[PDB]
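Some notes on the structure that comes next.
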Amino acid sequence: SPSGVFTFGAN
Amino acid sequence: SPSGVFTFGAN
Amino acid sequence: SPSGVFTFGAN
Amino acid sequence: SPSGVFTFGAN
Amino acid sequence: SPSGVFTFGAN
Amino acid sequence: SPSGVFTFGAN
Amino acid sequence: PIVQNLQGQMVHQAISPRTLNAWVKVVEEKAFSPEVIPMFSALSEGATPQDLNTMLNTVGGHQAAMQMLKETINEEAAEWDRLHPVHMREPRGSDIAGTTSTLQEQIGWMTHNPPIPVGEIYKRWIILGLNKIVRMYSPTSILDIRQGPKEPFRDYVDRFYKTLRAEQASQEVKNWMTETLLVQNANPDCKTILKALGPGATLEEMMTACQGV
Amino acid sequence: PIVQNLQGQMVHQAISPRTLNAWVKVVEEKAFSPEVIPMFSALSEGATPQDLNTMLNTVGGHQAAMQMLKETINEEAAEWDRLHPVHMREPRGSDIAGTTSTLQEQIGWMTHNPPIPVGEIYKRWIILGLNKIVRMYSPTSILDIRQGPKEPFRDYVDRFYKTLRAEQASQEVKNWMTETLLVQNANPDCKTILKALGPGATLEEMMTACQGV
Amino acid sequence: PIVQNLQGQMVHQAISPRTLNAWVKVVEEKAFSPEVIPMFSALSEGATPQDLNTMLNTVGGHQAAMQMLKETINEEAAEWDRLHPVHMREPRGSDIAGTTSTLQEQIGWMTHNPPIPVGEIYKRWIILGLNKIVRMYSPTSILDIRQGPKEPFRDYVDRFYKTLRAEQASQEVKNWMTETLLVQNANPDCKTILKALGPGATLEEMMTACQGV
Amino acid sequence: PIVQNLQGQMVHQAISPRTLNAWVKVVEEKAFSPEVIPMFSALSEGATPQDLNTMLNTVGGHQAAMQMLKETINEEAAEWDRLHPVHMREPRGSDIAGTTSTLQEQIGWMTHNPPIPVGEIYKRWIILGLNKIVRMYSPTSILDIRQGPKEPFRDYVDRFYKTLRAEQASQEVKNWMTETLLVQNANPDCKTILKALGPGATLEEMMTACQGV
Amino acid sequence: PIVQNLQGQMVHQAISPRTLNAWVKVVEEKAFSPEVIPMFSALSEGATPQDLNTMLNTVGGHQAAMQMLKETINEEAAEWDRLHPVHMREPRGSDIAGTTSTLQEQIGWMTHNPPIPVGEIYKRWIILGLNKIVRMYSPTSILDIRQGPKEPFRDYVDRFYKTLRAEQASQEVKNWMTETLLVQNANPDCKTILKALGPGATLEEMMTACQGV
Amino acid sequence: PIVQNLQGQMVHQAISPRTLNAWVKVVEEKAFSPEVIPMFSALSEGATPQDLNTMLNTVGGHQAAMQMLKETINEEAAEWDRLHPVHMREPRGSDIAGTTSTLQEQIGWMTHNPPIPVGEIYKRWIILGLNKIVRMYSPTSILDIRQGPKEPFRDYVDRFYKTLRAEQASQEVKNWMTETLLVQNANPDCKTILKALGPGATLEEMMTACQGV
């Protein structure tokens, strides 16, 4: 599964 | 006299 | 002097 | 009758 | 020095 | 390191 | 509008700049298409006569229509003065129209117990004048709305019911028109399809049957 | 909407000019694409029947669709009058539709204990009429949605599920359609790829497998 | 505007950026068409003299008109100083114009008991100067408004009443003008139709009779 | 969202028309570029499942992506029903998704003590489905991102890290990719410059060294 | 701005994004036309020195003008430090300019009893620097404003008074200029008309007399 | 931001959709021109680390710059962890950056007594990374800014001080640059005029002297 797109912070 | 333009509700 | 432009109400 | 267009939730 | 641009009121 | 872009105030 | 102050007094809230700009855009662009009257009525919810006058005065174009509106408001005010002989004081028709009443009198009446709702009374006279204007600005008789040889029946129905809305006949006459003219003025293919449904057909049935023509 | 006054009374809040302009734009531009109904439902959160009528009356175009909506609302009101025989007073179907009820009665019902939620009941009848309109304004049968010889499978899937959303068959029929037609109507390359996945494949698996075709 | 603080003090609320931008757009685009004055009056509801000065100072164009406005405000202030000899202190004309008064003095007067409404007094002097500007910026005499050989009578009526609104003669003179010139300056077809209605005809009757010409 | 009423009750606040229009614009224009997910997460702060469903239902395009999102939400709801066997009542996965729960139940859970944050749980399932959609809608493999013979290294780095963000590999794999591919896929001039910095170089050092190439 | 908290504390309110965007648009588009200074003064009502600095820092263009503004603010701060020798603490010129003061000190001074209004003092120094910039950015001397052979006297008056506003001479000099140059620099027809009115003529009289030329 | 609830609790206020859209527009259009940093700082007044992360995550373009920003934030967080050894709990650098802290912890710190202002600490690390990005995205050295043979000295000064702002040398170096390069890089006419003023000339004196060249 993908790790997500939130470069900054806690996802 | 005209009946008015209110298709819906109480005119 | 001009009467003003208020067609409706109390000018 | 149609089922409605609400893909998500309770329609 | 310039007087300022406020045509109306107290500058 | 750069001094920052705040021309006015306390940076 | 009217708002209760933190001191408990009945207080005016000015009609906002964005509400005025919305009204001005509506009258300028839609040029007394019938949806102008519901939009007026929505933009003037809880309006005092001063707020209603502000809306009407801010219209820059259509000054012939605004003169017909003024004439309607004047004959409605005169009819009020006839129906309500003079003895908070009771408002005259010119007070309801906001010509001889202050904003403070208007709020005094609109918040009385029971309220005398001079904003709603005046808004009725305005809407009653806009009705006449919308009827006059209707570009076509309903008798002139006929379907083109290759026009979709849905576009013809849209034209027909928009004209029927602007012409604003009585409901019995609108019933006769939608029963009789809508079929009669359809093009020969649609007219053939529609007669086969019989006289009881709903508009959704008619539009479904003609949807492929 | 309804708001509690600082005096503790149940009070009307007018639907804002920007909310009305948003609705008018939505109906004018999107022309009963299915997302019109969720957008209606979102713009009319907590709406009284007067607010709902304001939204419907402010629509200037599509007057054939608005007549089909009125006809639906009338048969839903008649069905309510059938299911709820007449004995705060109980609302009739015309009261729920806001034709024979005042705004003050509407707020009286919507804030009763227990509430009689005439705004939500009427909004159900409106959405139920918009369902019929969205189904009728659907430009294609799902059987007509076929993939072009060089069309991306993602664009075909978008067309297929947008049509499936507008046609709004029952979920068992939508299941059969997405199982059967979506494969059957794919172009020969995609149709070959998709059959190799077997009948259990998810849409994400199908779209992944066809992503390079 | 003025607002009551949570501490109960009378407090200034600044005229919002969107209200200023609306005013600036109005003056820039509409160039003293008569609807500028109702729009000014609506955008300056409850304005202090400082707020009114902010509106007038933010106008960048039309500096000849703004100088005529300043000259009018100065002669109105001088007339106030004449009519109200000097003995909260009483405001001089320069205090009402907000040139020699602080915002705190302005709020002190506007919230006194009874209030001295220096914002409304000054707004009268502004509107009275805008009247002169709107009359001067009127592009045509009412005597110059004549109907074209193929011009719709409704477009001629719009031109006539927009000119009559800008020229802003007394109501008796406007009555004579609408009775006499509006018929006299109609094109020969409309002029023939209109004379047949007799002198008592309303504008709606005139516009109806000429609607097909 | 949820708001405390003046009566102290936990009360729904509807997601505003401008917030919905912002979301609709974002999904329509940005077409599952990775910044769609942070923008979704920002526009849905404090959202109930009904608010989240309103956002997802108002999307008119991309109906294949919305079906993949629905499928993800359904398998996440099924996984919740697996991990949380059934005994305020405890919410099932369909209650968290807002399909079998009322708004009043949703607010009841979200304001319980301790709260059961069904809006945040559901928003996790939505974001987890959008992750899959953003990965699938990525137009290129990171292996396909190569620098043009005259392309600025900054534009290549922008393309590389935008692709790396959409492909959303694990951080160890992103580390290997930025260490290895970013140098390997640079054009021969930049590739020569970058190898001279050694393996420890930061991106700012790399971009500085290549800034003149 | 400053706001009273519900706990009764003096609290900062941030200058809104729309107010900043309005200021940025104003400086970018109007390029130190004189109406920039009233617009600055209106957008910065109740501003702390931090808010004023935020407005000045957000200007991206015109960096030579912003350096002249900084130089003016520095010499005004130095003049304050000269006029107010050092002994809540008393603010130095750098504290009023918000370079050596925290936002909490600024609010402490602005809400003291009596207040030390460091926001208004600093706003005076800013406006005093913008005066110099507006004078320098004036494209023409008032002596260069001459009427074209076929130019309307109203357009010449607009040019003349816009230049006179930017050049911002003392009022006695503006009086001499409007008495002498405005006639002298009119074209020969207007110059002939204007001399016939005599030296006492108002601008409205002059513009009326020349209105047909 | 943070807001006090009506129950007296410290409560999150979400960064508004219009504030996010303003930030996204700013970064997309202005592409790390120096005014991006004041605009960031203004749009993030009172922001929690979650709000700051929301702003940074919503940027879709410039992903190389956002990676340099992330690298800066990581080395600032590591430096905090170095300067503040571990023993409300004390925040680590990853807590201040909002990666290992909940929103509730962030509000707990930001409203502690004394507050630990993790939003302002993190905003310093962000601005400190944007400084590096603005310096790198500067298209020219200050040594490259030279006046064209017919370029207005004001346009050259604008270019010079915009470059000087982006390059952001120390103030002693900016002093040397504005003393030496600004004269040295002027075209031969302006360079001749400027040397005649002597070394003490202010920028307003220089721009005045060159205003006719």
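Chains: A, B, ... in order of the structure tokens. Residues: from 1 per chain. Ligands: from 1, in order shown.
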Dump as a PyMOL selection string the residues of chain J that approach chain L to within 10 Å, counting only C-alpha atoms.
chain J and resi 3-6+8+18-20+22-23+30+33-46+154-165+202-205+207-208+211
Run DSSP on the backbone and grab whatever in chain J lands in strand (DSSP E or B); send it over as a list in words.
residues 2, 3, 4, 10, 11 and 12 of chain J
C-alpha atoms of the current selection, written as a compact mmCIF listing (two decimals), in the first residue's frame:
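The resulting file, part_20.txt, is shown below:
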# COMPACT_ATOMS: atom_id res chain seq x y z
CA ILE J 2 -19.71 20.09 14.82
CA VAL J 3 -20.50 23.22 16.89
CA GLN J 4 -21.75 23.78 20.44
CA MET J 10 -23.79 19.35 20.24
CA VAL J 11 -25.01 20.67 16.88
CA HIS J 12 -24.14 20.13 13.20
Can you tell me, as a compact mmCIF listing (two decimals) with N, CA, C and O atoms, in the first residue's frame, what residues are no more than 12 Å from residue F:3 when counting only C-alpha atoms, ignoring any on the same chain fewer than 6 positions away?
# COMPACT_ATOMS: atom_id res chain seq x y z
N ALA F 10 10.66 43.37 12.37
CA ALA F 10 11.60 42.60 13.18
C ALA F 10 12.11 41.32 12.50
O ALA F 10 12.74 40.50 13.17
N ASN F 11 11.85 41.14 11.21
CA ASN F 11 12.15 39.87 10.53
C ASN F 11 11.56 38.69 11.29
O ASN F 11 10.39 38.34 11.11
N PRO L 34 10.69 37.08 -3.30
CA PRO L 34 10.84 37.27 -1.84
C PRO L 34 9.55 37.60 -1.09
O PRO L 34 9.44 37.27 0.09
N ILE L 127 10.28 29.52 7.68
CA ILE L 127 10.77 30.76 7.08
C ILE L 127 12.27 30.69 6.82
O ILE L 127 12.75 31.20 5.80
N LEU L 128 13.02 30.09 7.73
CA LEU L 128 14.45 29.88 7.53
C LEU L 128 14.76 28.97 6.34
O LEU L 128 15.81 29.12 5.71
N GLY L 129 13.90 28.01 6.03
CA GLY L 129 14.06 27.24 4.80
C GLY L 129 13.62 27.94 3.52
O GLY L 129 14.24 27.82 2.45
N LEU L 130 12.54 28.72 3.64
CA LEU L 130 12.12 29.56 2.53
C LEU L 130 13.16 30.62 2.19
O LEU L 130 13.26 31.02 1.03
N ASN L 131 13.88 31.14 3.18
CA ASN L 131 14.99 32.05 2.89
C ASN L 131 15.98 31.43 1.92
O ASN L 131 16.37 32.06 0.93
N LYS L 132 16.41 30.20 2.19
CA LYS L 132 17.33 29.50 1.30
C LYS L 132 16.73 29.30 -0.08
O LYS L 132 17.41 29.45 -1.10
N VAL L 134 14.26 31.14 -1.60
CA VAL L 134 14.21 32.45 -2.25
C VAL L 134 15.59 32.89 -2.74
O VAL L 134 15.73 33.42 -3.85
N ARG L 135 16.64 32.68 -1.93
CA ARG L 135 17.99 32.99 -2.40
C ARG L 135 18.38 32.16 -3.62
O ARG L 135 18.99 32.68 -4.56
N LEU L 164 18.52 42.57 -4.74
CA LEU L 164 19.15 42.69 -3.43
C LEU L 164 18.30 42.06 -2.34
O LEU L 164 18.83 41.46 -1.40
N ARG L 165 16.98 42.21 -2.43
CA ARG L 165 16.06 41.57 -1.49
C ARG L 165 16.09 40.05 -1.59
O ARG L 165 16.10 39.36 -0.57
N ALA L 166 16.11 39.51 -2.81
CA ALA L 166 16.17 38.05 -2.95
C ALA L 166 17.53 37.49 -2.54
O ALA L 166 17.59 36.48 -1.83
N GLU L 167 18.63 38.11 -2.96
CA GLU L 167 19.96 37.63 -2.60
C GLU L 167 20.22 37.72 -1.10
O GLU L 167 20.98 36.91 -0.55
N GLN L 168 19.61 38.69 -0.42
CA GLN L 168 19.57 38.79 1.05
C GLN L 168 20.93 38.56 1.71
O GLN L 168 21.09 37.71 2.59
N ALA L 169 21.92 39.34 1.27
CA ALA L 169 23.19 39.49 1.97
C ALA L 169 22.99 40.18 3.33
O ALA L 169 21.91 40.69 3.64
N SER L 170 24.04 40.17 4.15
CA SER L 170 24.00 40.90 5.42
C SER L 170 23.86 42.40 5.17
O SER L 170 24.20 42.92 4.10
N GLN L 171 23.37 43.12 6.18
CA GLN L 171 23.09 44.54 6.00
C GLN L 171 24.35 45.35 5.69
O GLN L 171 24.28 46.32 4.94
N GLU L 172 25.49 45.01 6.28
CA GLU L 172 26.73 45.68 5.91
C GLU L 172 27.08 45.47 4.44
O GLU L 172 27.51 46.39 3.74
N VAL L 173 26.83 44.26 3.93
CA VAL L 173 27.07 43.99 2.52
C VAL L 173 26.03 44.68 1.64
O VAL L 173 26.36 45.18 0.56
N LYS L 174 24.76 44.68 2.05
CA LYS L 174 23.76 45.47 1.32
C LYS L 174 24.11 46.95 1.29
O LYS L 174 23.89 47.62 0.28
Please produce chain C as an mmCIF file with N, CA, C and O atoms, in the first residue's frame once it has been superposed on chain A, the fit using all Cα atoms paired in sequence order.
data_model
loop_
_atom_site.group_PDB
_atom_site.id
_atom_site.type_symbol
_atom_site.label_atom_id
_atom_site.label_comp_id
_atom_site.auth_asym_id
_atom_site.auth_seq_id
_atom_site.Cartn_x
_atom_site.Cartn_y
_atom_site.Cartn_z
ATOM 1 N N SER C 1 0.819 -1.223 0.000
ATOM 2 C CA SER C 1 0.000 0.000 0.000
ATOM 3 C C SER C 1 0.852 1.273 0.000
ATOM 4 O O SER C 1 1.925 1.311 0.610
ATOM 5 N N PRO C 2 0.376 2.331 -0.668
ATOM 6 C CA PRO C 2 1.136 3.588 -0.725
ATOM 7 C C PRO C 2 1.276 4.293 0.619
ATOM 8 O O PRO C 2 0.400 4.225 1.483
ATOM 9 N N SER C 3 2.411 4.982 0.781
ATOM 10 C CA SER C 3 2.753 5.693 2.010
ATOM 11 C C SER C 3 2.040 7.035 2.177
ATOM 12 O O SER C 3 2.117 7.620 3.263
ATOM 13 N N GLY C 4 1.350 7.533 1.154
ATOM 14 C CA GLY C 4 0.672 8.813 1.208
ATOM 15 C C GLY C 4 1.528 9.988 0.753
ATOM 16 O O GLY C 4 2.747 9.901 0.596
ATOM 17 N N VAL C 5 0.849 11.119 0.531
ATOM 18 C CA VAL C 5 1.426 12.278 -0.156
ATOM 19 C C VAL C 5 1.824 13.415 0.784
ATOM 20 O O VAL C 5 2.235 14.479 0.303
ATOM 21 N N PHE C 6 1.701 13.240 2.096
ATOM 22 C CA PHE C 6 1.971 14.307 3.066
ATOM 23 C C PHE C 6 3.469 14.447 3.330
ATOM 24 O O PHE C 6 4.038 13.796 4.205
ATOM 25 N N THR C 7 4.107 15.330 2.552
ATOM 26 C CA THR C 7 5.538 15.600 2.691
ATOM 27 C C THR C 7 5.898 16.092 4.089
ATOM 28 O O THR C 7 6.988 15.793 4.590
ATOM 29 N N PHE C 8 5.002 16.834 4.730
ATOM 30 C CA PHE C 8 5.237 17.458 6.024
ATOM 31 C C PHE C 8 4.225 16.958 7.046
ATOM 32 O O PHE C 8 3.059 16.721 6.716
ATOM 33 N N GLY C 9 4.670 16.818 8.292
ATOM 34 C CA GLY C 9 3.788 16.415 9.371
ATOM 35 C C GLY C 9 3.580 14.913 9.478
ATOM 36 O O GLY C 9 4.389 14.099 9.025
ATOM 37 N N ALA C 10 2.466 14.550 10.113
ATOM 38 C CA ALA C 10 2.232 13.203 10.622
ATOM 39 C C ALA C 10 1.501 12.286 9.639
ATOM 40 O O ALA C 10 1.068 11.201 10.040
ATOM 41 N N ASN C 11 1.350 12.687 8.379
ATOM 42 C CA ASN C 11 0.523 11.942 7.422
ATOM 43 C C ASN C 11 -0.871 11.688 7.989
ATOM 44 O O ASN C 11 -1.760 12.532 7.881
#
Which polymer residues have any atom within 10 Å of an atom of residue L:106, counting only C-alpha atoms, with same-chain residues fewer than 2 positions away left out, as a ChimeraX atom specification?
/L:2,12,48-50,91,95-98,101-104,108-112,116-119
Write to file, as a short mmCIF file (atom, residue, chain, number, x, y, z; two decimals), in the first residue's frame, the residues of the selection just made, with C-alpha atoms.
data_model
loop_
_atom_site.label_atom_id
_atom_site.label_comp_id
_atom_site.auth_asym_id
_atom_site.auth_seq_id
_atom_site.Cartn_x
_atom_site.Cartn_y
_atom_site.Cartn_z
CA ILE L 2 -6.32 28.47 18.24
CA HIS L 12 -8.49 24.43 17.16
CA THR L 48 -0.36 25.42 14.91
CA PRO L 49 2.24 23.05 13.43
CA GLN L 50 -0.70 21.13 11.91
CA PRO L 91 8.41 18.80 22.76
CA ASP L 95 6.92 17.36 17.86
CA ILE L 96 7.46 21.01 16.95
CA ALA L 97 7.48 20.06 13.26
CA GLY L 98 4.16 18.30 13.96
CA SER L 101 2.79 15.44 17.99
CA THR L 102 -1.00 15.42 17.89
CA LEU L 103 -2.96 18.61 17.34
CA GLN L 104 -4.09 18.29 20.96
CA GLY L 108 -1.56 22.00 24.91
CA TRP L 109 1.92 23.51 24.45
CA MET L 110 0.77 26.68 22.68
CA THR L 111 -1.69 27.44 25.53
CA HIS L 112 0.51 26.30 28.45
CA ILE L 116 5.75 26.70 24.60
CA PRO L 117 5.03 28.33 21.21
CA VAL L 118 5.68 25.33 18.96
CA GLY L 119 3.78 26.99 16.10
#
